[PDB]
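Peer 1: If you want the deposited numbering, it's the 1-based position in the sequence shown plus 700.
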Amino acid sequence: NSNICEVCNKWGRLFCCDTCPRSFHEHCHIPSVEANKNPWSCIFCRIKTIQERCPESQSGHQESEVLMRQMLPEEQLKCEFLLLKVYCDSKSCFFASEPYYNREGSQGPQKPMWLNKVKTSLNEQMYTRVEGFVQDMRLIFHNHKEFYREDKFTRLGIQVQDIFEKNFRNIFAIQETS
Ligand SMILES: [Zn+2]
Ligand SMILES: [Zn+2]
Ligand SMILES: [Zn+2]
Numbered sequence: 701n702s703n704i705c706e707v708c709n710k711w712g713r714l715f716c717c718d719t720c721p722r723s724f725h726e727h728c729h730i731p732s733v734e735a736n737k738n739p740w741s742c743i744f745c746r747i748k749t750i751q752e753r754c755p756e757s758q759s760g761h762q763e764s765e766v767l768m769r770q771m772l773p774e775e776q777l778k779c780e781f782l783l784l785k786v787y788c789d790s791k792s793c794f795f796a797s798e799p800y801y802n803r804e805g806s807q808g809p810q811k812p813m814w815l816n817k818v819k820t821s822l823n824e825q826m827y828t829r830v831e832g833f834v835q836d837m838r839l840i841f842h843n844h845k846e847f848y849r850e851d852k853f854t855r856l857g858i859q860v861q862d863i864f865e866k867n868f869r870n871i872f873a874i875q876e877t878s
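Take a look at the structure:
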């Protein structure tokens, strides 16, 4: 197994996947690494299993259809993984914890949002459809773009949103387009 966490790329107290060579800190894995279970399979392995059990799940989908899916266990898992993939980028640090807004010439968003809040919401099963999760994720970056206006810092929101969107299209097998 790897000697660094897959998500944050640091050593420490790591839990090792039994079915692939990835390792995780306890709270870097999503969901948090489970207490017992030997063997243990990581979220990357669990996602691969879903695809292997239903190869047709990789045929292209319409986003509108994906968003209306109820958050049954497989969709819950896919959202957990998608959230994890965003945490895997180091620029996610900017969007992880609760922001505050005090900049001359801007007003903060009406509905602040951040990754750790989405993480809690997933953990507490607060989303009933995929749409709920996707709307909160997109709101994080939209709020950032709106607040930072022409500061070049706006680009961080564009960057992390692109990681979100690419991973969304991959995980939920959205039909490729030009
Ligand atoms: Zn970590
Ligand atoms: Zn694994
Ligand atoms: Zn099948």
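Heads up, the beta-carbon is just placed ideally off N, CA and C, and yes, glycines get one too.
Suppose you measure from the CA of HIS761 to the CA of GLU804; what does that come to, to the nearest Å?
Peer 2: 43 Å
Peer 1: Assign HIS729 to one of two classes, buried (16 or more other C-beta atoms within 10 Å of its C-beta) or exposed (fewer than that).
Peer 2: buried
Peer 1: Tell me the rounded alpha-carbon separation between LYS737 and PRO731.
Peer 2: 14 Å
Peer 1: Determine the burial state of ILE858: buried for a count of at least 16 other Cβ atoms within 10 Å of its Cβ, exposed for fewer.
Peer 2: exposed
Peer 1: For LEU856 and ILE840, I'd like the C-alpha separation in whole angstroms.
Peer 2: Computed Cα separation, rounded: 11 Å.
Peer 1: At 4 residues or longer, what runs of the alpha helix (DSSP H) sit wholly inside the region 832-862?
Peer 2: None, since the region 832-862 contains no complete alpha helix (DSSP H) of that length.
Peer 1: Figure out for me which residue from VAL830, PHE715 and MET837 has the closest Cα to the Cα of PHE872.
Peer 2: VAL830
Peer 1: Could you check whether the region 798-815 touches the region 737-748, counting it as contact only if at least three pairs of C-beta atoms, one from each stretch, sit closer than 8 Å?
Peer 2: no
Peer 1: Assuming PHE795 and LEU815 make a contact with CB atoms under 8 Å, what is their CB distance in whole Å?
Peer 2: 5 Å
Peer 1: Thinking C-alpha only, which one of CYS705, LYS791, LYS778 and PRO799 is nearest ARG722?
Peer 2: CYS705
Peer 1: Leaving out five residues on either side along the sequence, give the residues of the same chain with a beta carbon under 6 Å from the beta carbon of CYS716.
Peer 2: Only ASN701 and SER723 meet the Cβ criterion.
Peer 1: By DSSP's criteria, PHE715 is part of a beta bridge. Which residues make up the other side?
Peer 2: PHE724
Peer 1: If you reduce the DSSP assignment to three classes, tell me which class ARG803 lands in.
Peer 2: coil
Peer 1: Hey, could you find the ends of the alpha helix (DSSP H) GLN776 is sitting in?
Peer 2: Where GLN776 is concerned, the enclosing alpha helix (DSSP H) stretches over 773-787.
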